[PDB]
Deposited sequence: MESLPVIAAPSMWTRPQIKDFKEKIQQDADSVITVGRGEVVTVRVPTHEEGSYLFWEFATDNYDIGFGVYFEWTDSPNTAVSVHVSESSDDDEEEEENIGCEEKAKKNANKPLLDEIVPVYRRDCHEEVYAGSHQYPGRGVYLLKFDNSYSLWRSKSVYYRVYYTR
C-alpha cells in the first residue's frame, strides 16, 4: 500500500575552525554567495541516484544569517526539514545532515530578509553519502 515517508530528524552541529573553512572554500568562486539586503538565496541540491544522505556546511564573514532546509518532491510538495532560524555562522562553522526521505531536491535557504543595511557573504559546501 502507499504510505507517507517518515522523515528523519536532521542533525546540526558546529566546529571551531572557521578561518580554515573559508580559506578552503575561497579557492572556488561558485562556493561563495553574496546575499544582498532583504534578500533570500536558495541553493538547490538534488538527491543523487546513489545517495543516502546530504551533508552541508556554511559560514559567513561578519554577521549572522537565517538558515533553513526544505525538501522538494519530484505545485510540488515541500517539507520543512530545518526550520529557518538565524545562526551565528560568522563565529563558527555550521554543519548538519539529513537522510534522504526519497527522490527530490533539497533547498538550502540563506535568509537575509531581516537585514535592512547589510549584505552577507556565504561560504558553503555539500557532500552526499551512499
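- Residues of the deposited sequence that lack C-alpha coordinates fall in a single stretch, 75-110.
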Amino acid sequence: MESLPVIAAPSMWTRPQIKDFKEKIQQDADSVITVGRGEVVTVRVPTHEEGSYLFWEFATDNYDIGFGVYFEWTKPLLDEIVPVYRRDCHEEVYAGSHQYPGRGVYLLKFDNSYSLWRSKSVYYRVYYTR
From here on, numbers count along this sequence of modelled residues.
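Take the two forms, find the largest set of C-alpha atoms that superpose within 1.5 Å, and that set is the rigid core.
- In terms of root mean square C-alpha deviation after superposing on the rigid core in 8 other deposited structures of this protein, the stretch standing farther out between 43-51 and 56-64 is 43-51.
- Gaps at residue 75 occur in at least a third of the other compared entries of the protein that contain both adjacent residues.
- Mean CA B-factor, 15-23 versus 105-113: the higher value falls on 15-23.
- Remark: stretch with higher mean C-alpha B factor among 27-35 and 40-48 is 27-35.
- Among the modelled residues of the chain, residue 75 sits in the highest third by CA temperature factor in this PDB entry.
- Ranked within its chain, residue 99 lands in the middle third, by CA B factor from the PDB record.
- Looking at the C-alpha B-factors along this chain, the one for residue 8 belongs to the middle third.
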